[PDB]
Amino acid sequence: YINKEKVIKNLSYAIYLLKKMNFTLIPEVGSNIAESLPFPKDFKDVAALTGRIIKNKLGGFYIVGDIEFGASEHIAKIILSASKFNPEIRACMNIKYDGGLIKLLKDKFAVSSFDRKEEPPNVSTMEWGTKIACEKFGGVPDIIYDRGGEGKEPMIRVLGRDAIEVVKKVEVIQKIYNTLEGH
């Protein structure tokens, strides 16, 4: 069974694991993690942080806000679009993008992307872009990235069955990034 309680517990435990991590893959707009009920209809069936995850410029990061349903329309769009290709995919987290990192991830994760400059009119970038990457991959990959655009920083989006799986994948990505960030 997968009800609201299950989703709130999933995200809570995912955050818990995240607090143990030396997570530095945070974009300028901050990270958020979300998970939906199975077969989500709208963003109200998707839970996330009411705040965001931001860097602590003195070292570490801050996890701001509470987990609540409908807290992130943005990521909800990604999960709702992806669920069309695979209803098992219910979670997503956006993290910082790095050119070198992506190259290295393609040999360890299923990766797909979309170009913001190719967006047609009358659509939501996140809905359109997710659809693009998924159709290109022929399913739901581990990661959906984009090199950004006018007023939009590049981004890496990690997907998975639930928020716990997502964070586990992010940990793998973080370990690789540690070496690059160090350099």
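Start at 1 with the first residue shown and count on from there.
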Look over 42 to 50 and 27 to 35 in the entry and identify the one with the greater average Cα temperature factor. 42 to 50
151 to 159 versus 110 to 118 - greater average Cα B-factor per the deposited record: 110 to 118
Sorting by Cα B-factor within the chain, modelled residues only, which third would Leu104 end up in: lowest, middle or highest? middle
C-alpha B factor of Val123, ranked within the chain: lowest, middle or highest third? highest
Determine, from the deposited record, the chain-internal third of the Cα B-factor for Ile132: lowest, middle or highest. highest
Would you mind ranking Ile8 by its C-alpha B-factor against the rest of the chain and naming the third, lowest, middle or highest? lowest
On the chain's distribution of Cα B-factors, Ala71 falls within the third called highest
